[PDB]
């Protein structure tokens, strides 16, 4: 059955532009191993097909067979439920807390980057750093599967590659595109990088950057910087 993912186009109206929902879904369909097409949508010059398919204008959206699905959380849940085993791997996290760890990082970033109040900058920076810390703690805390892990290097320190264990799950598909925006935008416009001190966060990222499902679905750095330029330059 035809699977077509419609995603935000970038600055030339045709390549993949900034959108962490679009990347999340691209990652979910890559991980499922299904055959799909991805179509970019220049929201300033929508085609008549797109206009007819998705009158509301939500983006990203999914065309499945003849059915149109909107809202990323809904599209992911639908895909998880319809692209299911034996044919397709389940990608849902086993540990519910894998789906919440790091949930506030993107909101704290957005507040920090859109801020133009010089007196709030350090406060918002610290709010971003604390959210990254919560994530780091989740990543260095052994998961259930690792209880009293006989093979641990350090006592009570986790070794797994990703949020929920050693395989990418739907929780990584949500979080990783958001962290990529954070890293790209914060480096270009605030001179901010995630502290090397967050060792769980940097291990997670090195492992993710080594996977093509993540690396090959990232928009070009340039598109994210372009999308964030106006707001991130507000701070004087």
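Numbering follows the first chain given and starts at 1.
Hey, which bit's got the bigger mean C-alpha B factor in the entry, 95-103 or 78-86? For C-alpha atoms only, the mean B-factor is higher in 78-86.
Look up the CA B-factors in the entry and say which stretch, 125-133 or 162-170, has the higher mean. Here the higher of the two C-alpha B-factor means belongs to 125-133.
According to the deposited entry, which of 177, 200, 60, 191 has the largest Cα B-factor? Among 177, 200, 60, 191, the highest C-alpha B-factor in the entry belongs to 191.
Would you mind checking which of 139, 113, 152, 147 has the top Cα temperature factor in the PDB entry? Most elevated C-alpha B-factor of the set, per the entry: 152.
Could you say whether, by C-alpha temperature factor, residue 36 belongs to the lowest, middle or highest third of its chain? It belongs to the middle third of the chain when residues are ordered by C-alpha B-factor.
Rank-wise, by C-alpha B-factor, drop residue 221 into the lowest, middle or highest third of its chain. It falls in the middle third of the chain.
Give the position of residue 27 by CA B-factor within its chain, expressed as the lowest, middle or highest third. According to the entry, residue 27 has a C-alpha B-factor in the chain's lowest third.
Where the record places residue 43 (Cα B-factor, split into thirds across the chain): Tercile = middle for this residue's CA B-factor.
Please place residue 117 in the lowest, middle or highest third of its chain by C-alpha B factor as given in the entry. Ranked within chain, residue 117 CA B lands in the highest tercile.
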